[PDB]
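Take a look at the structure below.
Any read-out appearing in this document is the output of simple, stated calculations on the displayed coordinates, not a laboratory observation.
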Ligand SMILES: Cn1ncc2ccc(CN3C[C@@H](C(N)=O)CCC3=O)cc21
Ligand SMILES: [Zn+2]
């Protein structure tokens with residue numbers, strides 16, 4: 001579990017969005033496993049606007065923050081799960097690291113701010129849904 005709070009927006013994994021998130025929906029994309037909803041309170045996170053490929057992510061299954069190298073956002077095939085059938089997920093970045101399904105929502109960050117959230121994994125590879133291209137998150 002986990003979310004990004006920037007301005008009057010909440011960014012979560014689409015498969016973990018609540019009824020309030022869908023009722024207050026701003027934007028969602030199944031192929032990215034992302035959903036953004038509106039909030040009443042101002043958020044404190046800053047989205048990174050960069051092409052960093054090094055950062056740190058939080059892994060709830062280890063209660064640890066791991067420094068990683070990660071790939072550029074790309075279209076990657078993702079196996080079937082209880083949430084989606086087998087499909088290609090876009091804007092996904094992989095790193096060599098530990099993750100389990102419940103780790104989705106854990107933030108990946110670089111020196112410039114929030115890069116993305118854990119969304120996929122397995123076989124010692126963790127996958128993050130990129131958010132750096134969503135420039136509108138920085139303005140109302
Ligand atoms: C985060 N993580 N670490 C290992 C691992 C193994 C399997 C899965 C399966 N999965 C894929 C997600 C998607 N973005 O398609 C949806 C939710 C989900 O349970 C995730 C995993
Ligand atoms: Zn950066």
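Dimensions of segment 38-80 from C-alpha coordinates, computed as largest minus smallest value along each principal axis and given longest first, are 36, 28, 27 Å. A viscosity of 0.890 mPa s and a temperature of 25 °C, combined with the Kirkwood radius over Cα pairs in Stokes-Einstein, give a translational diffusion coefficient for the chain of 165 µm²/s.
Once C-alpha pairs closer than 8 Å and six or more residues apart are averaged by separation and normalised to the residue number of the chain, the relative contact order reads 25 percent.
With the largest listed first and rounded to whole Å, the semi-axes of the equivalent ellipsoid of segment 3-44 from the Cα gyration tensor are 16, 11, 8. A helix-only calculation puts the chain at -500 deg cm²/dmol for mean residue ellipticity at 222 nm, using -39500 (n - 2.57) for each DSSP H run of at least four residues, averaged over all residues.
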